[PDB]
There are 2 protein chains.
Amino acid sequence: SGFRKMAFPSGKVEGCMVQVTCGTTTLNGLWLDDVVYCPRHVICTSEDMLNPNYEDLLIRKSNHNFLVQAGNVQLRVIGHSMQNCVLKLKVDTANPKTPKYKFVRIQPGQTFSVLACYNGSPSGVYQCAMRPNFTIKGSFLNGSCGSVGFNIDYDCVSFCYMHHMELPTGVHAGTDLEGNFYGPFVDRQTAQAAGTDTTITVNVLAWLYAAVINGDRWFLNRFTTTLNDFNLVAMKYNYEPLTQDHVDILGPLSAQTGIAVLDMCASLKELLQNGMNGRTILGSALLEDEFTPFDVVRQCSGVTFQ
Amino acid sequence: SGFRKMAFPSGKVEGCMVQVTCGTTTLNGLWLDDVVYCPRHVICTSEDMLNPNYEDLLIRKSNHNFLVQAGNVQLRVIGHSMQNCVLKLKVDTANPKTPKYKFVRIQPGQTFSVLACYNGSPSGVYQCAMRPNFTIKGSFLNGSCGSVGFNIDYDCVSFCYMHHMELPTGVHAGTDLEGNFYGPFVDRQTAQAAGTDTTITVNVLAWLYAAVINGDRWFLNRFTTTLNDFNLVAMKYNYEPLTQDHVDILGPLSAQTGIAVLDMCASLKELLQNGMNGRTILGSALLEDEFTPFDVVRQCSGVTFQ
Ligand SMILES: [Zn+2]
Ligand SMILES: [Zn+2]
């Protein structure tokens, strides 16, 4: 038994990370096949950050300059393209460690693992959720830009995230691997504005089933209802609304535990107005929303096949 | 910025894990140089678990039998020794992926990363603490036995833990890599008895400094005291006592924040009788004790050098 916020093993990603340097500046990058992917503000000089014209910043940039390192080997950049907010470089040598990779643009609420890197080397791995306002509540210091987020459900690596900014509010924003920001943000070191961050209802419910599976009963009470009375409470407390689409996703956990999705909503209803709050569930005094129904199945049972 | 319970990157350990099978049964094992290390109850048959005589169970065991696998390659066990509660096998091929490794017997309160594995392959990675009663509150299902815990502070892998039992109470117990159990436990599927699990005071304080560093001030109050009045409260609430040895360990964080260890104890005093408890610190409503002072420095700043 047990329940932990676990990350995917990072081995396959560690062999893809490089130290990228241009003009001066230096940050992390992602070496697949023979292309390096990295944030485009790698080419930005300081005052540039406050108001950059990337097209003009870069049309100057030396090819044959962006300096790329990797342990005891430095990659001779040939040449260069800018895709949206990333730069792609078509360097001299191809990563023998490129695994089956793909690219994904996940949607708010999905979870992924982040390999935080400095000076191109691994620092740590943690499991995080894309918020409904398209931010991440992360852990990144100077030089972590270019660190990526990923899944290896099976057959490896769905790259889904690349870190770019720390917002003035302390939250983190970035792009998919074709350079499209998640959310209303730019790579400008200027005033921004993220949504209201709401709690991911479907994940909270998956977490309640994981608790029942692990011996947490106390909050299963003798009520229930359908999901307009729930939804009409779940949003005064700013929880995203539950749809029949979320209900279908929870089915297997319902079949596991013999507990109807709707009856679980009932105790969640009361937990908002009475229950939670210090007797803890799975050792926490808050309701946690960084597990998908899929994370609960993978872990807790469905942990064999990659 | 940010604060996350992060694990060490697991790449260097993933290449050390094998699927081990004997009599029947099958569990995880650890391939370094050309020796496999695994729990000795690998050789145990079912009824055996309830009352095993390992010396007699094994003196029978076929050499030339323990079956070991690894992707598309199976290792031809030569032969075999039992060290305390592990078996060491001196197999036919040597792991080209053995990195600088060492062995450590960490002490209660230290933290490490666990790579949970099934059928010899990676499943997930999480960051955990050895409790003062020498248990771990983990996440392990059937077949995870042989999964290891490790650090890679720098120059890689201090192996410190190998999983053996799930206690009837739901907690996990295991050994160091020479087979010496942590705590009062045996590899017998019988009645046991773990200590009272107390909160790791020094870690809680490190976590408070991490919070101050990340913009949590509210709990710094205008009190203080020396550490007999603290210790005399910290143990009614069953926190291990704070020593001058813990004080010295916190110095750098004191020098970082300009906050004396003793003044931080003061707010911790009050938090026990008034403060904590729903306005959260670093987004939690409980006091967390799974960060060492060293984890706070590594992360949050001291993240460069391996
Ligand atoms: Zn940057
Ligand atoms: Zn076992």
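Every chain is numbered from 1 and lettered A, B, ... according to where its sequence line falls, protein lines coming before strand lines.
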Main-chain N/O of [Y] paired to [X] side chain as donor or acceptor, under 3.5 Å:
X	Y	result
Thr98(A)	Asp33(A)	yes
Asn214(B)	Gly2(B)	yes
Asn28(A)	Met17(A)	no
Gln127(B)	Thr111(B)	no
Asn84(A)	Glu178(A)	yes
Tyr209(B)	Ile259(B)	yes
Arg76(A)	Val91(A)	no
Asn95(A)	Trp31(A)	yes
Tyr126(A)	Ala116(A)	no
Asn119(A)	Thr304(B)	no

Under 6.0 Å from the [atom1] atom of [X], do we count more than 12 heavy atoms belonging to anything else shown?
X	atom1	result
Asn142(A)	CG	no
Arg279(B)	CZ	yes
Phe294(A)	CZ	no

At what distance, to the nearest 0.5 angstrom, does [atom1] of [X] lie from [atom2] of [Y]?
X	Y	atom1	atom2	value
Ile136(A)	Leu167(A)	CD1	CG	12.0 Å
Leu115(B)	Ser144(B)	CG	OG	11.5 Å
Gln110(A)	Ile200(A)	CD	CD1	10.5 Å
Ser10(B)	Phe8(A)	OG	CZ	11.5 Å

### Task
Compute whether any side-chain donor of one residue and acceptor of the other, for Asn133(A) and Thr135(A), lie under 3.5 angstrom apart.
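Looking only at side-chain atoms, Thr135(A) and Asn133(A) do form a donor-acceptor pair, the distance falling under 3.5 Å.
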
Please give me the minimum heavy-atom distance between [X] and [Y], naming the atom from each residue.
X	Y	value
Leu286(A)	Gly283(B)	CD1-O, 3.8 Å
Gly170(A)	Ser1(B)	O-OG, 4.1 Å
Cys300(B)	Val296(B)	CB-O, 3.2 Å
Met165(A)	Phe185(A)	CE-CB, 3.3 Å

Any heavy-atom pair between the side chains of [Y] and [X] that's under 4.5 Å?
X	Y	result
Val186(A)	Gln192(A)	yes
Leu227(A)	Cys265(A)	no
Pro293(B)	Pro252(B)	no
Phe140(A)	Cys145(A)	no
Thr292(A)	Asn203(A)	yes
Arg105(A)	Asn180(A)	yes

### Message
Is there a salt bridge (charged side-chain N to carboxylate O under 4.0 Å, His left out) between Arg4(B) and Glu290(A)? Walk through the geometry before answering.
### Response
CA-CA 13 Å; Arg4(B) 282 286 188 170; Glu290(A) 295 204 330; 2.9 Å; yes

#### Entry: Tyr161(A): partners by ring-ring contact (aromatic ring centres under 6.0 Å, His included), with sequence neighbours left out
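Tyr161(A): ring-ring contact (aromatic ring centres under 6.0 Å, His included) contacts with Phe112(A).
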
Donor-acceptor contacts under 3.5 Å from residues 56-72 of chain A side chains, at least two apart:
residue	atom	partner	partner atom	Å
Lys61(A)	NZ	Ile43(A)	O	3.1
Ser62(A)	OG	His64(A)	O	3.1
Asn63(A)	OD1	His80(A)	NE2	2.3

### Task
Mind checking salt bridge (charged side-chain N to carboxylate O under 4.0 Å, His left out) for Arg40(A) and listing every partner two or more places apart, or none if nothing turns up?
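Salt bridge (charged side-chain N to carboxylate O under 4.0 Å, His left out) check on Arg40(A) returns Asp187(A).
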
### Query
What do the steps show when you test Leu87(A) against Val42(A) for side chain to side chain contact (heavy atoms under 4.5 Å, CB included), and what is the final call?
CA-CA 9 Å; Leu87(A) 269 43; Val42(A) 70; 3.9 Å; yes

### Query
Can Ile152(A) and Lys12(A) be said to form a side chain to side chain contact (heavy atoms under 4.5 Å, CB included), step by step?
CA-CA 9 Å; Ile152(A) 148 168; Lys12(A) 294 187 135 39; 4.0 Å; yes

### Message
Measuring centre to centre across the rings, with the benzene-like ring taken for any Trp, is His164(A) within less than 6.0 Å of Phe181(A)?
### Response
yes

### Task
Verify whether the ring centers belonging to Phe291(B) and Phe3(B) lie closer than 6.0 Å.
yes

### Message
side chain to side chain contact (heavy atoms under 4.5 Å, CB included), that's the test. Do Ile281(B) and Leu271(B) meet it? Break it down for me.
### Response
CA-CA 11 Å; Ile281(B) 305 193; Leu271(B) 283 179; 4.2 Å; yes

#### Entry: Check against side chain to side chain contact (heavy atoms under 4.5 Å, CB included), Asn231(A) and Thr201(A)
CA-CA 10 Å; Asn231(A) 268 347; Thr201(A) 303; 5.9 Å; no

### Query
Parallel, tilted or perpendicular for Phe103(A) and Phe159(A), by the 30°/60° rule?
perpendicular

